[PDB]
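Have a look below at one chain only, the form deposited in one PDB entry, in structure tokens format.
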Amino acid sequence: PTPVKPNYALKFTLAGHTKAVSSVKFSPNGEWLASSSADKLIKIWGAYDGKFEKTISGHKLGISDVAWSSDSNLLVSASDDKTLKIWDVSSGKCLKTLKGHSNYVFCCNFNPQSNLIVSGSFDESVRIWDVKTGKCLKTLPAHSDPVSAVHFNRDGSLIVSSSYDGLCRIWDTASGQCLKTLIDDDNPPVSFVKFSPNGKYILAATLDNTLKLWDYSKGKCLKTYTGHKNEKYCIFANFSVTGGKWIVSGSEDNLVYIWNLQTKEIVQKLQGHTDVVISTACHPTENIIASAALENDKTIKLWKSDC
């Protein structure tokens, strides 16, 4: 049963957004895909049949990122309007507007407990917010250039952030202190970071066509994934764990790349988008990928593999 390669095949193309898509994310309960776009809208789609479910509106400018709560009932979105918004998915209503960043909000996530939201912004700060009250609990002077990604680890006790300043930092959620600064070589911009599913590693993209897997604690690079194009955009990357253990990323050559996590060999390339694939997401229980593309494409594609 150990796989050798996936066989992702296109099942659905989801059109509706009227500007570039920025981020796609599967709900933790597997039922839904949420997408955000430069068109200022969130759209919710059925994860299994591509069925359009609803549009969620209210931001005054484009959205760069969206993230789900652990129970699949809330979304948080990060917008160029300098705010985040917390949304009730069932109703589509804005429950809270998280005000405090002084420039575009670029990235966001809930902690696993989903009592906190973390955000990163072009204002070069990382902010930690109380879900219940909408209060900003902490502002971290995390970076000296825009923050490209923020992510909680599996127990919520750590946050990893990345920035165009070239750093990846690991923060103690409770205290706000930097536990560790991952710095490497001439330090190109770090355009994306997230924790591995088990919390021991950090997957980081740099704007030199490189993904790297790092043991944060040991400060050592374990794996490097190359062969794609990423020199401009903050492209999401994923750990695929439902079948074969893959790394997934979009690319500026309009393809989805899939690598063997262990061997670093490319195991599949998905063709079909007609612009930069800015975002990919991996379904939490099924071998399903979502991909989304920029202005000349504006579609979301759903792909299925047997492994």
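Start at 1 and count along the sequence shown; that's the residue number. Rigid core here is just the name for the largest C-alpha set that superposes within 1.5 Å across the two forms.
- Between stretches 151-159 and 181-189, the one whose Cα atoms sit farther from the displayed model in 9 other deposited structures of this protein on average is 181-189 (core-aligned, root mean square).
- Averaged over their C-alpha atoms, the temperature factors of 134-142 and 184-192 are higher for 184-192.
- Higher mean CA B-factor, judged across 20-28 and 284-292 from the recorded values: 284-292.
- Per the PDB entry, 178 shows the highest C-alpha temperature factor of the residues 75, 178, 205, 108.
- Between the residues 152, 171, 87, 216, the entry's highest C-alpha temperature factor is the one at 216.
- Residue 167: CA B factor in the middle third of modelled residues in this chain (values from the PDB entry).
- Residue 275 sits in the highest third of its chain by CA B factor, as recorded in the PDB entry.
- Among the modelled residues of the chain, residue 242 sits in the highest third by CA temperature factor in this PDB entry.
- In the PDB entry, a CA B factor belonging to the highest third of its chain's modelled residues is recorded for residue 261.
- Split the chain's modelled residues into thirds by C-alpha temperature factor. Residue 53 is in the middle one.
Another form, the form solved in complex with a partner chain, is not on view; read the next lines as being about it.
- At least one heavy atom of residue 262 is located within 4.5 Å of the partner chain in the entry with it bound.
- Proximity of residue 94 to the partner chain in the entry with it bound: non-hydrogen atoms within 4.5 Å are absent; the residue sits far from the partner.
- Interface membership of residue 213, defined by any non-hydrogen atom within 4.5 Å of the partner chain in the entry with it bound, is confirmed.
- Using a 4.5 Å cutoff between non-hydrogen atoms, residue 239 counts as a contact of the partner chain in the entry with it bound.
- In terms of contact with the partner chain in the entry with it bound, the residue from 83, 196, 173, 125 that brings a heavy atom within 4.5 Å is 196.
- Using a 4.5 Å cut-off to the partner chain in the entry with it bound, not one of 99, 142 and 151 places a heavy atom inside that distance.
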